[PDB]
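Colleague: Before I ask anything, let me first share the structure, which is written out below as structure tokens.
Positions of Cβ are generated from backbone atoms using ideal geometry, with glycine treated the same way; all protein chains shown enter the neighbour counts. Quick note: the coordinates plus some simple rules give every number you see, no bench work behind them.
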Ligand SMILES: NS(=O)(=O)c1c(F)c(F)c(SCCc2ccccc2)c(F)c1NCc1ccccc1
Ligand SMILES: [Zn+2]
């Protein structure tokens with residue numbers, strides 16, 4: 001029932017998911033002048049050499065590239081995190097137009113899209129248990145702007161026609177998520193939530209400062225996906241982002257400068 005459309009979009013979510021109006025909701029506007037450099041933060045450690053991608057799924061809201069997380073193979077640690085977070089899936093949010101699409105904003109600036117690499121804290125044993133904990137997830141957020149193509153994204157763009165509609169999936173092995181990272185790992189971090197229902201307040205957000213560039217042709221292919229299932233009227237999958245939510249009693253910390 002929840003979605004992005006005219007009648008079931010983010011402004012409606014609170015009726016099924018009252019935590020929508022909670023104290024640590026995401027995304028947020030990153031006010032770069034008020035984020036405080038925190039010299040006690042660590043460099044982030046992104047270890048994806050052993051990543052095992054399995055499958056790509058259109059779930060009717062976005063597409064997820066799913067990983068094998070039954071062993072320590074693709075982990076995020078360091079930075080603001082204690083302990084070890086496994087990679088479980090990544091997905092994107094994007095706009096109908098290049099001027100919008102990202103969920104976090106930077107001094108109110110919207111990017112064309114935003115990548116979310118989702119990881120769960122191994123101390124809780126699995127994803128379903130982790131999301132019930134305030135430190136259960138670490139999401140690495142990366143902005144996309146339109147300019148030169150991102151070679152490491154092409155294998156993703158090229159399988160999308162095979163998962164056009166809701167519920168379709170395709171084998172997606174041997175995908176290396178290192179090809180989606182920018183050069184710098186400088187980041188902002190704050191405590192937040194999943195940006196989709198159930199909107200659980202279980203996420204340490206780590207949002208990279210440096211955006212990656214993707215081509216206009218790459219993002220156009222994202223916008224040919226469908227929210228609807230096969231043999232339903234076409235509703236293009238665009239504008240699947242939640243707008244910035246109030247920061248409330250939170251501090252965003254910078255790893256740099
Ligand atoms: N967008 S996000 O990075 O904050 C995110 C996340 F961190 C997750 F762990 C997950 S999986 C957690 C979902 C869940 C469902 C039922 C019960 C418990 C938990 C996300 F789906 C998304 N959302 C993905 C998405 C994007 C666009 C449309 C629909 C879903
Ligand atoms: Zn997301």
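Colleague: Given that compact globular proteins tend to follow 2.2 N^0.38 Å, what is the ratio of the alpha-carbon Rg of segment 1-147 to that value?
Modeller: Computed over Cα atoms of segment 1-147, the ratio equals 1.12.
Colleague: What FRET efficiency do you get for residue 8 and residue 161 if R0 is 25 Å and r is their Cβ-Cβ distance, rounded to the nearest 0.05?
Modeller: 0.40
Colleague: If you don't mind, another one. How would you rank 70, 169, 162, 255, going from fewest to most other Cβ atoms within 10 Å of each one's own Cβ?
Modeller: Placing the least packed residue first, the sequence is 70, 162, 169, 255.
Colleague: Residue 38 label point, 7 Å along Cα→Cβ, cut-off 20 Å on backbone N: hits in segment 219-257?
Modeller: Only 245-257 pass the distance filter.
Colleague: May I pose another question? Restricting to DSSP H runs of at least four residues, report the calculated mean residue ellipticity at 222 nm for the chain, -39500 (n - 2.57) per run over all residues, nearest 500 deg cm²/dmol. Please list the in-between numbers first.
Modeller: On the way: 4 runs with 21 residues, N = 257.
Rounded to the nearest 500, the figure is -1500 deg cm²/dmol.
Colleague: How large is the direction-averaged shadow of the alpha-carbon convex hull of the chain, in nm²?
Modeller: Working: hull surface 51.6 nm².
The Cα convex hull of the chain, projected and averaged over all directions, gives 12.9 nm².
Colleague: Please report Rg (one decimal) and Dmax (integer) in Å for the Cα set of segment 111-207.
Modeller: Here Rg and the maximum Cα pair distance are 15.3, 40 Å.
Colleague: If we count other beta carbons within 10 Å of each Cβ, what is the order of 160, 220, fewest first? Each step should come with its number before you reach the end.
Modeller: Numbers: 160 18, 220 12.
Least to most surrounded, the residues fall as 220, 160.
Colleague: Cut-off is 10 Å between beta-carbons; in what order do 49, 135 appear when sorted fewest neighbours first? Display every interim value, and only then the final one.
Modeller: Values: 49 9, 135 17.
If I rank by nearby Cβ atoms, fewest first, I get 49, 135.
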